[PDB]
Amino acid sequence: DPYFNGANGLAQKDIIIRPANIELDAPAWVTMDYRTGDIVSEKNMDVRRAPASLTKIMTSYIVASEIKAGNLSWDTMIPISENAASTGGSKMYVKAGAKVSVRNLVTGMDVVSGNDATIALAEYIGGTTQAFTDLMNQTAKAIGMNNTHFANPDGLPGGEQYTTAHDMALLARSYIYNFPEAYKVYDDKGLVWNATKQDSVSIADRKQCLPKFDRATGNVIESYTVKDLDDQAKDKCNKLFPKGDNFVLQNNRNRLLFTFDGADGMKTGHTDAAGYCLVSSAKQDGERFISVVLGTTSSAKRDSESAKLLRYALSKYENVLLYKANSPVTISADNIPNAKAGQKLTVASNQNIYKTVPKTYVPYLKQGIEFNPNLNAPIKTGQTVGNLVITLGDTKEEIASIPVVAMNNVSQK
């Protein structure tokens, strides 16, 4: 175009937007992608703080492992000791001398944070609660939680007791991966618990019948309140909600289940030493993130600040396979010193580069080979010659770096 001056200089290249460093007033947090393990946001992620009921995640972790290993099943009926039934704090209200299934006890532990249920599972798997705590600390070392020490199975304060946001994210990621069925329990909205029979009722079964409960005692007054029901569906309301049976009704106190779209976990906790804490996970279009927030001064901030982290990660990041393993990258070998002029050099790594990167970076990433600057011929097949490098645009800034190995031979002159 001869009727415009300086169009090439007037044209505006798109400006790459880096994700801004998020700011919360939580003393510690971490946000991690599930499939890559990459950390996209964190503060003080290795500072040791009190665990509170996040301890119950490890207890639930060990319960799932014993089920997967065949030493336990969801159907197994555990006796409730008087020690378990009488533990204070959050209860699911299991009675001493009763038998309760693993499925019910795990639901009480995960959804209601019941200490009596946690203690009942611990006594059964470990014998004593002390022995079970030792198993918790061994399992923590095996997962790689190197800054974590539990004093008991339920997170009640007392004794040496700590974890980190990074360690809790490692535990959660392992939980999602190894125990997907047990992890589904954390998405339960609440627990409808028949304390008389010592068994639960599906929340869906409650919404069908809509029973009437005495406000002051939890005793069922009416089995069904629905105006029109089938005679046989009416009797199933009468069997699941008898007349006079005592019921306890509790919601899952992870508010994110109700407010955050795609949130399916995980666990809350609160002591004076730990503050309000939340391990949470949200999935949106195949992309799952894990967030841990520790030490907030209120439950509302605990939920507010966790949602900010999950929304920030889910909307600004992306999983990309930057390098497919065993992919050749060939270049001319003439420039490398002491090399014969005829030959070429191919390099490759047996590893992938699968990384969580900002969405805004993706169209600007470039594969590059950074050779050892002192590389001269001869070089043998299987010799390490440098790194495969992912850079951002035409700059030298590196997003990923992986050592690369020689697939050819070069002969010196």
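The numbering used is simple: start at 1 and walk along the sequence shown.
The mean Cα B-factor in the deposited entry runs higher for 325-333 than for the other of 325-333 and 74-82.
The mean Cα B-factor in the deposited entry runs higher for 367-375 than for the other of 367-375 and 351-359. Remark: of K267, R215, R173, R255, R215 shows the highest value [criterion: C-alpha B-factor in the PDB entry].
Looking only at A307, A313, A341, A282, the residue with the top Cα B factor in the deposited structure is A341. When the modelled residues of the chain are ordered by their C-alpha B factor, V226 lands in the highest third. Sort the chain's modelled residues by C-alpha temperature factor and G386 lands in the middle third, per the entry.
For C209, the recorded CA temperature factor ranks within the highest third of the chain's modelled residues. Split the chain's modelled residues into thirds by C-alpha temperature factor. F260 is in the middle one. Per the deposited record, the Cα B-factor of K380 falls in the highest third when ranked against the other modelled residues of its chain.
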